[PDB]
Every structure is written in C-alpha cells, then in structure tokens.
$ cat work_20.tsv   # TSV, C-alpha atoms
chain	number	residue	atom	x	y	z
A	1065	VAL	CA	-14.23	21.55	-8.07
A	1066	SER	CA	-10.65	20.42	-8.27
A	1067	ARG	CA	-8.22	22.94	-9.79
A	1068	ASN	CA	-9.60	26.32	-8.68
A	1069	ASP	CA	-8.03	28.61	-6.09
A	1070	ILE	CA	-10.57	27.82	-3.38
A	1071	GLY	CA	-9.21	29.75	-0.40
A	1072	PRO	CA	-9.07	28.40	3.17
A	1073	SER	CA	-12.02	28.30	5.59
A	1074	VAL	CA	-14.32	26.56	3.12
A	1075	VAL	CA	-17.05	26.16	5.79
A	1076	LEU	CA	-20.39	24.98	4.41
A	1077	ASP	CA	-23.69	26.55	5.38
A	1078	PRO	CA	-25.27	24.40	8.14
A	1079	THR	CA	-28.78	25.49	7.08
A	1080	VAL	CA	-28.78	23.58	3.75
A	1081	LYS	CA	-29.37	19.86	3.20
A	1082	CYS	CA	-27.98	18.18	0.05
A	1083	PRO	CA	-28.43	14.40	0.47
A	1084	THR	CA	-28.20	13.83	-3.30
A	1085	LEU	CA	-24.46	14.57	-3.49
A	1086	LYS	CA	-22.34	11.45	-4.02
A	1087	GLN	CA	-18.87	12.61	-5.13
A	1088	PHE	CA	-17.32	15.83	-3.78
A	1089	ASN	CA	-13.99	16.66	-5.40
A	1090	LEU	CA	-12.20	19.50	-3.58
A	1091	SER	CA	-8.63	18.54	-4.53
A	1092	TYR	CA	-5.63	20.77	-5.29
A	1093	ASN	CA	-7.21	24.10	-4.43
A	1094	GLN	CA	-5.73	25.84	-1.36
A	1095	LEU	CA	-7.46	24.22	1.62
A	1096	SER	CA	-5.83	24.49	5.04
A	1097	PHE	CA	-8.61	22.67	6.94
A	1098	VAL	CA	-11.16	20.03	5.95
A	1099	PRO	CA	-14.62	21.56	5.29
A	1100	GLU	CA	-16.29	21.92	8.67
A	1101	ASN	CA	-19.96	21.07	8.04
A	1102	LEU	CA	-19.68	17.92	5.91
A	1103	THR	CA	-21.70	15.73	8.27
A	1104	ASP	CA	-24.68	18.12	8.32
A	1105	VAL	CA	-25.00	19.07	4.62
A	1106	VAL	CA	-23.86	16.25	2.32
A	1107	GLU	CA	-24.96	13.38	4.62
A	1108	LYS	CA	-25.10	10.73	1.87
A	1109	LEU	CA	-21.62	11.58	0.53
A	1110	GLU	CA	-19.63	8.65	-0.87
A	1111	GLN	CA	-16.25	9.91	-2.16
A	1112	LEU	CA	-14.36	12.82	-0.60
A	1113	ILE	CA	-11.19	13.94	-2.40
A	1114	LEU	CA	-8.85	16.52	-0.87
A	1115	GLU	CA	-5.47	15.80	-2.44
A	1116	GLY	CA	-2.94	18.46	-3.38
A	1117	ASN	CA	-4.19	20.92	-0.74
A	1118	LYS	CA	-2.32	22.33	2.27
A	1119	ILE	CA	-4.25	20.73	5.15
A	1120	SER	CA	-2.01	21.03	8.20
A	1121	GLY	CA	-3.67	20.36	11.56
A	1122	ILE	CA	-5.25	17.22	12.94
A	1123	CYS	CA	-8.42	16.50	11.00
A	1124	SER	CA	-11.96	16.95	12.27
A	1125	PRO	CA	-13.74	13.90	13.78
A	1126	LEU	CA	-15.50	13.48	10.39
A	1127	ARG	CA	-18.49	11.42	11.52
A	1128	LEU	CA	-19.91	11.27	7.99
A	1129	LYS	CA	-21.75	8.01	7.52
A	1130	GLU	CA	-21.05	6.51	4.06
A	1131	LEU	CA	-17.48	7.17	2.96
A	1132	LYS	CA	-16.10	4.82	0.33
A	1133	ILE	CA	-13.13	6.70	-1.21
A	1134	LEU	CA	-11.13	9.05	1.02
A	1135	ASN	CA	-8.12	10.82	-0.50
A	1136	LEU	CA	-5.85	13.06	1.60
A	1137	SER	CA	-2.63	12.66	-0.36
A	1138	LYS	CA	-0.08	15.38	-1.20
A	1139	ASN	CA	-0.84	17.47	1.89
A	1140	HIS	CA	1.37	18.82	4.69
A	1141	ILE	CA	-0.11	16.90	7.62
A	1142	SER	CA	1.61	15.60	10.76
A	1143	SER	CA	-0.90	13.26	12.42
A	1144	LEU	CA	-4.57	12.29	12.57
A	1145	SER	CA	-6.91	12.32	15.54
A	1146	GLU	CA	-7.41	8.96	17.23
A	1147	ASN	CA	-11.13	8.97	16.27
A	1148	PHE	CA	-10.74	10.10	12.66
A	1149	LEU	CA	-12.41	7.13	10.93
A	1150	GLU	CA	-14.39	5.73	13.87
A	1151	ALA	CA	-17.81	6.80	12.52
A	1152	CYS	CA	-17.32	5.87	8.84
A	1153	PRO	CA	-18.07	2.13	8.82
A	1154	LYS	CA	-17.80	1.64	5.03
A	1155	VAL	CA	-14.42	3.16	4.07
A	1156	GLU	CA	-12.67	1.10	1.41
A	1157	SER	CA	-9.81	2.98	-0.27
A	1158	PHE	CA	-8.19	5.41	2.17
A	1159	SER	CA	-5.03	6.91	0.66
A	1160	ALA	CA	-2.56	9.37	2.22
A	1161	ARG	CA	0.57	9.93	0.13
A	1162	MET	CA	3.33	12.56	0.41
A	1163	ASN	CA	2.37	13.29	4.02
A	1164	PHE	CA	4.60	13.78	7.07
A	1165	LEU	CA	2.77	10.93	8.80
A	1166	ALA	CA	3.90	8.54	11.52
A	1167	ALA	CA	1.05	6.34	12.78
A	1168	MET	CA	-2.41	5.13	11.79
A	1169	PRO	CA	-5.34	5.81	14.21
A	1170	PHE	CA	-7.70	2.80	14.21
A	1171	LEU	CA	-8.70	2.22	10.60
A	1172	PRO	CA	-12.21	0.72	10.27
A	1173	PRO	CA	-12.60	-3.05	9.81
A	1174	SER	CA	-14.22	-2.48	6.38
A	1175	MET	CA	-11.01	-1.20	4.77
A	1176	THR	CA	-10.00	-2.87	1.51
A	1177	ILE	CA	-7.36	-0.73	-0.27
A	1178	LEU	CA	-4.79	1.33	1.63
A	1179	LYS	CA	-2.00	3.42	0.10
A	1180	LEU	CA	0.41	5.20	2.43
A	1181	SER	CA	3.61	5.80	0.46
A	1182	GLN	CA	5.96	8.80	0.88
A	1183	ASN	CA	5.38	9.03	4.64
A	1184	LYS	CA	7.87	9.06	7.52
A	1185	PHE	CA	6.85	5.71	9.03
A	1186	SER	CA	9.53	4.48	11.44
A	1187	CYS	CA	7.74	1.12	11.69
A	1188	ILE	CA	4.55	-0.34	10.28
A	1189	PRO	CA	1.67	0.54	12.65
A	1190	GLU	CA	-0.17	-2.25	14.43
A	1191	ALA	CA	-3.59	-0.98	13.27
A	1192	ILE	CA	-2.81	-2.27	9.76
A	1193	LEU	CA	-1.69	-5.77	10.84
A	1194	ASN	CA	-5.16	-6.54	12.28
A	1195	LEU	CA	-7.40	-5.38	9.44
A	1196	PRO	CA	-9.65	-8.38	8.68
A	1197	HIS	CA	-10.43	-7.47	5.05
A	1198	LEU	CA	-7.32	-5.74	3.66
A	1199	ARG	CA	-6.59	-6.40	-0.01
A	1200	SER	CA	-3.68	-4.18	-1.10
A	1201	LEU	CA	-1.14	-2.14	0.83
A	1202	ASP	CA	1.41	0.34	-0.53
A	1203	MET	CA	3.98	1.88	1.84
A	1204	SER	CA	6.84	2.49	-0.57
A	1205	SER	CA	9.58	5.10	0.01
A	1206	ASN	CA	9.27	4.91	3.80
A	1207	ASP	CA	11.97	4.41	6.41
A	1208	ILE	CA	10.57	1.18	7.91
A	1209	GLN	CA	13.05	-1.47	9.07
A	1210	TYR	CA	11.25	-4.73	9.92
A	1211	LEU	CA	8.59	-6.32	7.72
A	1212	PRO	CA	6.34	-8.56	9.87
A	1213	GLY	CA	5.94	-12.14	8.75
A	1214	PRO	CA	2.79	-13.55	7.13
A	1215	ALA	CA	1.58	-14.97	10.48
A	1216	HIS	CA	1.08	-11.47	11.93
A	1217	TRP	CA	-1.28	-10.04	9.30
A	1218	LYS	CA	-4.75	-11.40	10.26
A	1219	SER	CA	-5.99	-11.16	6.67
A	1220	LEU	CA	-6.40	-13.97	4.13
A	1221	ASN	CA	-7.08	-11.66	1.15
A	1222	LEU	CA	-3.71	-9.97	0.60
A	1223	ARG	CA	-3.20	-9.23	-3.09
A	1224	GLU	CA	-0.54	-6.49	-3.33
A	1225	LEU	CA	2.35	-5.51	-1.05
A	1226	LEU	CA	4.53	-2.62	-2.26
A	1227	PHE	CA	7.53	-1.70	-0.10
A	1228	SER	CA	10.05	-0.28	-2.58
A	1229	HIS	CA	12.58	2.45	-1.68
A	1230	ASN	CA	12.74	1.15	1.89
A	1231	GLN	CA	15.46	-0.36	4.10
A	1232	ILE	CA	14.26	-3.84	5.09
A	1233	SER	CA	17.09	-6.11	6.22
A	1234	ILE	CA	15.19	-9.42	6.10
A	1235	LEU	CA	12.21	-10.83	4.19
A	1236	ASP	CA	11.04	-13.18	6.98
A	1237	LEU	CA	8.75	-15.75	5.36
A	1238	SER	CA	9.58	-19.14	6.96
A	1239	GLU	CA	7.04	-18.56	9.77
A	1240	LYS	CA	3.83	-19.52	7.94
A	1241	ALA	CA	4.04	-19.03	4.18
A	1242	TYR	CA	0.72	-20.44	2.93
A	1243	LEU	CA	-1.25	-17.52	4.44
A	1244	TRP	CA	0.14	-15.31	1.64
A	1245	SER	CA	-0.95	-17.72	-1.11
A	1246	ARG	CA	-3.29	-15.02	-2.49
A	1247	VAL	CA	-0.58	-12.37	-2.97
A	1248	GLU	CA	-0.28	-11.27	-6.61
A	1249	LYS	CA	2.22	-8.39	-6.35
A	1250	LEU	CA	5.33	-7.97	-4.21
A	1251	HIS	CA	7.75	-5.06	-4.68
A	1252	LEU	CA	10.93	-5.05	-2.56
A	1253	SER	CA	13.07	-2.76	-4.74
A	1254	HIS	CA	15.80	-0.41	-3.42
A	1255	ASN	CA	16.06	-2.31	-0.12
A	1256	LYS	CA	19.00	-3.81	1.76
A	1257	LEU	CA	18.17	-7.46	1.17
A	1258	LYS	CA	21.03	-9.96	1.02
A	1259	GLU	CA	19.24	-13.24	0.28
A	1260	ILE	CA	15.77	-14.55	-0.57
A	1261	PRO	CA	14.38	-17.24	1.76
A	1262	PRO	CA	13.46	-20.51	0.03
A	1263	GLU	CA	9.90	-20.38	1.43
A	1264	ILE	CA	9.00	-17.78	-1.25
A	1265	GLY	CA	8.36	-20.84	-3.44
A	1266	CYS	CA	5.05	-21.35	-1.62
A	1267	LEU	CA	3.49	-18.06	-2.84
A	1268	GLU	CA	2.17	-19.84	-5.92
A	1269	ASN	CA	-0.01	-16.92	-7.10
A	1270	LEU	CA	2.77	-14.32	-7.43
A	1271	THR	CA	2.32	-12.31	-10.63
A	1272	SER	CA	4.74	-9.34	-10.32
A	1273	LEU	CA	7.74	-9.91	-8.04
A	1274	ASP	CA	10.38	-7.17	-7.91
A	1275	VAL	CA	13.61	-7.56	-5.93
A	1276	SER	CA	15.83	-5.51	-8.23
A	1277	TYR	CA	18.07	-2.58	-7.21
A	1278	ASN	CA	19.33	-4.31	-4.04
A	1279	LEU	CA	23.10	-4.37	-4.85
A	1280	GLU	CA	23.52	-7.12	-2.22
A	1281	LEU	CA	21.34	-10.07	-3.31
A	1282	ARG	CA	23.67	-11.73	-5.87
A	1283	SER	CA	21.62	-14.96	-5.78
A	1284	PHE	CA	18.18	-16.53	-6.26
A	1285	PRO	CA	16.82	-19.67	-4.58
A	1286	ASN	CA	15.87	-22.79	-6.50
A	1287	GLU	CA	12.37	-22.97	-4.98
A	1288	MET	CA	11.12	-20.03	-7.10
A	1289	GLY	CA	10.52	-22.51	-9.96
A	1290	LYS	CA	7.06	-23.19	-8.51
A	1291	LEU	CA	5.99	-19.56	-9.15
A	1292	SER	CA	4.54	-20.29	-12.58
A	1293	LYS	CA	2.31	-17.20	-12.70
A	1294	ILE	CA	5.19	-14.68	-12.86
A	1295	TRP	CA	5.33	-12.81	-16.16
A	1296	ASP	CA	7.59	-9.88	-15.22
A	1297	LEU	CA	10.69	-10.02	-13.01
A	1298	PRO	CA	13.03	-7.02	-13.07
A	1299	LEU	CA	16.79	-7.62	-12.87
A	1300	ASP	CA	17.94	-4.01	-13.17
A	1301	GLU	CA	21.38	-3.12	-11.74
A	1302	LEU	CA	22.48	-6.22	-9.85
A	1303	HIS	CA	25.07	-8.89	-10.65
A	1304	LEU	CA	23.60	-12.39	-10.98
A	1305	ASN	CA	25.24	-15.82	-11.22
A	1306	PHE	CA	25.45	-15.70	-15.03
A	1307	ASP	CA	25.78	-13.36	-18.00
A	1308	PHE	CA	22.39	-12.21	-19.28
A	1309	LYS	CA	20.68	-9.52	-21.40
A	1310	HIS	CA	22.42	-10.63	-24.60
A	1311	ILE	CA	19.33	-11.31	-26.71
A	1312	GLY	CA	16.84	-12.89	-24.29
A	1313	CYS	CA	16.51	-13.43	-20.52
A	1314	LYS	CA	13.08	-11.77	-20.58
A	1315	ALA	CA	12.09	-12.89	-17.03
A	1316	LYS	CA	10.04	-15.89	-18.20
A	1317	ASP	CA	12.63	-18.45	-19.34
A	1318	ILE	CA	14.81	-17.67	-16.30
A	1319	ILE	CA	12.19	-19.29	-14.06
A	1320	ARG	CA	12.21	-22.29	-16.42
A	1321	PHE	CA	15.98	-22.57	-15.98
A	1322	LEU	CA	15.51	-22.21	-12.21
A	1323	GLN	CA	12.91	-25.01	-12.17
A	1324	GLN	CA	15.17	-27.27	-14.24
A	1325	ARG	CA	18.04	-26.53	-11.84
A	1326	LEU	CA	15.69	-27.49	-9.00
A	1327	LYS	CA	14.97	-30.79	-10.78
A	1328	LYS	CA	18.69	-31.73	-10.81
A	1329	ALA	CA	21.66	-29.64	-9.53
A	1330	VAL	CA	25.02	-31.05	-10.77

$ encode --input "work_20.tsv" --output "structure tokens"
Amino acid sequence: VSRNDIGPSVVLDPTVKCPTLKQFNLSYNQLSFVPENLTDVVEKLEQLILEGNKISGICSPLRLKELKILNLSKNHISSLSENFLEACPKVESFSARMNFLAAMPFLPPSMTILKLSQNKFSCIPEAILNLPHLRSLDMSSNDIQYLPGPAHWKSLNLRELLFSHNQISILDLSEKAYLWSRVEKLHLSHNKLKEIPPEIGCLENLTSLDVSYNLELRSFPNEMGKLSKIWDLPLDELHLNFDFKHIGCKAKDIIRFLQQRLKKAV
C-alpha cells in the first residue's frame, strides 16, 4: 500500500496476529508517525518501507525481531532515538535519504548496506566506522569535511564508498592502504581535492573511480597504472596535463599511458 493517501495515526489493532506478513510497503502516503503496533501484529515482518512520508518525530523503539530492509528515506526527520535499532539483530540495508539527520544511533553489527545521502552530517558518525560487516556506504551530498583513513574502518569487506557533492580537503590513504583492497567503487566528485595520493595504486580492485568536477586537481599520479580493473573514469570539467576528447581518451587507454609513464618517465 504505497501510493494511497493513508492519513496519519495509522495505528494497528493490537488484538490481531498476522505472522505470515513478510513485506509491508507503506511508502509515500501521508504518515506522520511510524505505525505504533508493528511489534505485536506483524511479528515475522522482514521488509518495512516508509519512504516519501512526512514522519517528523523521533521514531518508536521498534523492537520488531526480523528486519532485513528498512527504508525511511525522503522524510522530514531530525534525529533517531538512541535505541532505535537495538532489538533488530538482522538489519541489512538501512537507508535514510533526504532527511535532516545529524548522527547515527548504534547501528546493529549485522548491517551490510547503508545509504545516508542528502543529510546534514557535519562529520561521519563513529557508529559507522566500527561496523564489522559493512559492505557499501553512500553519504553523498553531505557537508562532511574529513574522510577517515582506511585504518579506522574496522571492516575488511568494503565494496562501495560514495561521497560526491561533499567538501573533503584530503583523501588520506597513506596510513594503511591494503585494508581497502576489496573496494570496487569510489566516488569523490564535486569535492575540494587538490591532489591524489600515490597510495591509491594499492586499491587493485577499483572498478569505478570518480574524481571529476574538482576544479583543483590538475594532475594524476603515476601509481594508478596498477588499477587494471577500472573501466570507467570520468574526466568532466577539469583541465588535465594534455589535450584530450578529440576522438578517443575513453578512460581505458589513459591508464595504459599512465602505466607506460610509470615504466619510464623522461
């Protein structure tokens, strides 16, 4: 039930048990608060979707037992209670986009996918840097300043890291690079980056690197020639060291030229 005009106060009857329900789509309707009696009616619920609504206040404790896909994007919500996800030990793909959010209250250790773009995050919360099983993270279009290095992440299964439309001064990677050897995507567009550290050559599994739209980079390092898996590499609106975009320069032979330059630089 996902495009109707379901008015606020969508309280469920506490006298009915529906353990068969698995997916409960309540998105886009009108909701101002999360349904009150979820934990006593739809006990075996798996996916709860509430995007596009107008949920405002701090959410209910939500002690439902078997969440796997939670979606609270496109709301008008300021902050979450400190015990929001404490009693949902199987959450995997929490996502909260287009929300006036600031901090993350103790995500469960079973989290895998986490999308948090279009939120007013002054700095990346510490609760994300100690998730033991995180796989992808998307915090684009936020006003964060410092990106922590790969020795502060406590997770060996990073695969995507999207941070476009930010203002990150540095791309600190010389600390311990090999921990991010699993990373497949890395988007640093629209940031204030001036130079790429040479240690980016260690991330041998990179598949989609984006550092375009910086207006201050003006250079690439020679170590990037070891990033054989790259197939796309945007160079939109920034002046490089050579004239390009005549008939080729399709982001695959440029890395070949970079590797050859790394072989001998005369």

$ residues_around --input "work_20.tsv" --residues "residue 1217 in chain A" --least-positions-apart "4" --cutoff "10 Å" --atoms "all atoms listed in the file" --output "number ranges by chain"
A: 1190, 1192-1196, 1198, 1212-1213, 1222, 1243-1244

$ write_last_selection --input "work_20.tsv" --atoms "C-alpha atoms" --output "short mmCIF file (atom, residue, chain, number, x, y, z; two decimals), keeping the file's coordinate frame"
data_model
loop_
_atom_site.label_atom_id
_atom_site.label_comp_id
_atom_site.auth_asym_id
_atom_site.auth_seq_id
_atom_site.Cartn_x
_atom_site.Cartn_y
_atom_site.Cartn_z
CA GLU A 1190 -0.17 -2.25 14.43
CA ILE A 1192 -2.81 -2.27 9.76
CA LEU A 1193 -1.69 -5.77 10.84
CA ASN A 1194 -5.16 -6.54 12.28
CA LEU A 1195 -7.40 -5.38 9.44
CA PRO A 1196 -9.65 -8.38 8.68
CA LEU A 1198 -7.32 -5.74 3.66
CA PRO A 1212 6.34 -8.56 9.87
CA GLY A 1213 5.94 -12.14 8.75
CA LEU A 1222 -3.71 -9.97 0.60
CA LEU A 1243 -1.25 -17.52 4.44
CA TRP A 1244 0.14 -15.31 1.64
#

$ atom_distance --input "work_20.tsv" --atom1 "CA of residue 1250 in chain A" --atom2 "CA of residue 1263 in chain A"
14.4 Å

$ atom_distance --input "work_20.tsv" --atom1 "CA of residue 1104 in chain A" --atom2 "CA of residue 1082 in chain A"
8.9 Å

$ residues_around --input "work_20.tsv" --residues "residue 1226 in chain A" --least-positions-apart "6" --cutoff "9 Å" --atoms "only C-alpha atoms" --output "PyMOL selection string"
chain A and resi 1181+1200-1204+1249-1253

$ closest_residue --input "work_20.tsv" --among "A:1127, A:1118, A:1328, A:1314" --to "residue 1296 in chain A" --atoms "only C-alpha atoms"
A:1314

$ closest_residue --input "work_20.tsv" --among "A:1307, A:1259, A:1150, A:1115" --to "residue 1162 in chain A" --atoms "only C-alpha atoms"
A:1115

$ decode --input "work_20.tsv" --residues "range 1072-1156 of chain A" --atoms "C-alpha atoms" --output "mmCIF file, in the first residue's frame"
data_model
loop_
_atom_site.group_PDB
_atom_site.id
_atom_site.type_symbol
_atom_site.label_atom_id
_atom_site.label_comp_id
_atom_site.auth_asym_id
_atom_site.auth_seq_id
_atom_site.Cartn_x
_atom_site.Cartn_y
_atom_site.Cartn_z
ATOM 1 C CA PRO A 1072 -1.689 9.920 9.919
ATOM 2 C CA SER A 1073 -2.222 7.821 13.067
ATOM 3 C CA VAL A 1074 -2.092 4.521 11.201
ATOM 4 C CA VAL A 1075 -2.212 2.539 14.484
ATOM 5 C CA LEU A 1076 -2.751 -1.192 14.008
ATOM 6 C CA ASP A 1077 -5.227 -3.195 16.056
ATOM 7 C CA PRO A 1078 -3.315 -4.896 18.911
ATOM 8 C CA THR A 1079 -5.882 -7.732 19.027
ATOM 9 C CA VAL A 1080 -4.898 -9.281 15.662
ATOM 10 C CA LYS A 1081 -1.910 -11.524 14.911
ATOM 11 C CA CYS A 1082 -0.554 -11.717 11.343
ATOM 12 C CA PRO A 1083 2.743 -13.657 11.471
ATOM 13 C CA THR A 1084 2.528 -14.524 7.758
ATOM 14 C CA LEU A 1085 3.282 -10.969 6.574
ATOM 15 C CA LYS A 1086 6.778 -10.576 5.124
ATOM 16 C CA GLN A 1087 6.840 -7.283 3.187
ATOM 17 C CA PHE A 1088 4.855 -4.242 4.369
ATOM 18 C CA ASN A 1089 5.057 -1.318 1.948
ATOM 19 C CA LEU A 1090 3.605 1.871 3.465
ATOM 20 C CA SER A 1091 5.634 4.370 1.431
ATOM 21 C CA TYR A 1092 4.637 7.794 0.081
ATOM 22 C CA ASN A 1093 1.233 8.045 1.704
ATOM 23 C CA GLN A 1094 0.915 10.751 4.375
ATOM 24 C CA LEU A 1095 2.345 9.191 7.541
ATOM 25 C CA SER A 1096 3.479 11.475 10.359
ATOM 26 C CA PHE A 1097 4.439 8.675 12.777
ATOM 27 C CA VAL A 1098 5.596 5.086 12.294
ATOM 28 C CA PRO A 1099 2.741 2.570 12.828
ATOM 29 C CA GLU A 1100 2.500 2.001 16.556
ATOM 30 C CA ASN A 1101 1.709 -1.712 16.930
ATOM 31 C CA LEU A 1102 4.179 -3.292 14.488
ATOM 32 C CA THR A 1103 5.867 -5.496 17.090
ATOM 33 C CA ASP A 1104 2.573 -7.057 18.254
ATOM 34 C CA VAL A 1105 0.800 -7.731 14.920
ATOM 35 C CA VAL A 1106 3.266 -8.450 12.106
ATOM 36 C CA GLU A 1107 5.911 -10.155 14.310
ATOM 37 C CA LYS A 1108 7.634 -12.025 11.455
ATOM 38 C CA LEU A 1109 7.933 -8.905 9.263
ATOM 39 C CA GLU A 1110 11.023 -8.725 7.048
ATOM 40 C CA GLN A 1111 10.926 -5.514 4.980
ATOM 41 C CA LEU A 1112 9.391 -2.259 6.219
ATOM 42 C CA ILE A 1113 9.229 0.607 3.715
ATOM 43 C CA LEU A 1114 8.156 4.106 4.763
ATOM 44 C CA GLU A 1115 9.771 6.412 2.219
ATOM 45 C CA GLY A 1116 8.165 9.566 0.873
ATOM 46 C CA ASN A 1117 6.059 10.108 4.005
ATOM 47 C CA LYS A 1118 6.177 13.014 6.480
ATOM 48 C CA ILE A 1119 7.479 11.260 9.602
ATOM 49 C CA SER A 1120 8.741 14.015 11.898
ATOM 50 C CA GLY A 1121 9.433 13.000 15.496
ATOM 51 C CA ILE A 1122 11.929 10.561 16.936
ATOM 52 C CA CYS A 1123 10.920 7.056 15.928
ATOM 53 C CA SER A 1124 9.423 4.426 18.207
ATOM 54 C CA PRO A 1125 11.791 1.883 19.838
ATOM 55 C CA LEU A 1126 10.743 -0.582 17.080
ATOM 56 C CA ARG A 1127 11.673 -3.838 18.802
ATOM 57 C CA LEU A 1128 10.492 -5.920 15.832
ATOM 58 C CA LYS A 1129 12.596 -9.041 15.571
ATOM 59 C CA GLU A 1130 13.454 -9.825 11.925
ATOM 60 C CA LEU A 1131 14.011 -6.653 9.914
ATOM 61 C CA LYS A 1132 16.087 -7.040 6.761
ATOM 62 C CA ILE A 1133 15.223 -3.960 4.640
ATOM 63 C CA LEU A 1134 14.377 -0.705 6.431
ATOM 64 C CA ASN A 1135 13.627 2.365 4.303
ATOM 65 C CA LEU A 1136 12.956 5.767 5.884
ATOM 66 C CA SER A 1137 14.144 7.991 3.045
ATOM 67 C CA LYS A 1138 12.516 11.216 1.795
ATOM 68 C CA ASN A 1139 11.018 12.120 5.173
ATOM 69 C CA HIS A 1140 11.273 15.252 7.344
ATOM 70 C CA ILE A 1141 13.054 13.766 10.361
ATOM 71 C CA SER A 1142 15.570 15.394 12.708
ATOM 72 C CA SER A 1143 17.049 12.546 14.771
ATOM 73 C CA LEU A 1144 16.523 8.949 15.864
ATOM 74 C CA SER A 1145 16.236 7.561 19.375
ATOM 75 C CA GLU A 1146 19.421 6.032 20.774
ATOM 76 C CA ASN A 1147 17.760 2.578 20.938
ATOM 77 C CA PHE A 1148 16.116 2.624 17.508
ATOM 78 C CA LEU A 1149 17.744 -0.498 16.026
ATOM 79 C CA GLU A 1150 18.870 -2.201 19.250
ATOM 80 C CA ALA A 1151 16.295 -5.023 19.067
ATOM 81 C CA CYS A 1152 16.522 -5.796 15.322
ATOM 82 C CA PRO A 1153 19.574 -8.075 15.130
ATOM 83 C CA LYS A 1154 19.295 -8.880 11.388
ATOM 84 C CA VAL A 1155 19.038 -5.473 9.667
ATOM 85 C CA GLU A 1156 20.984 -5.406 6.412
#
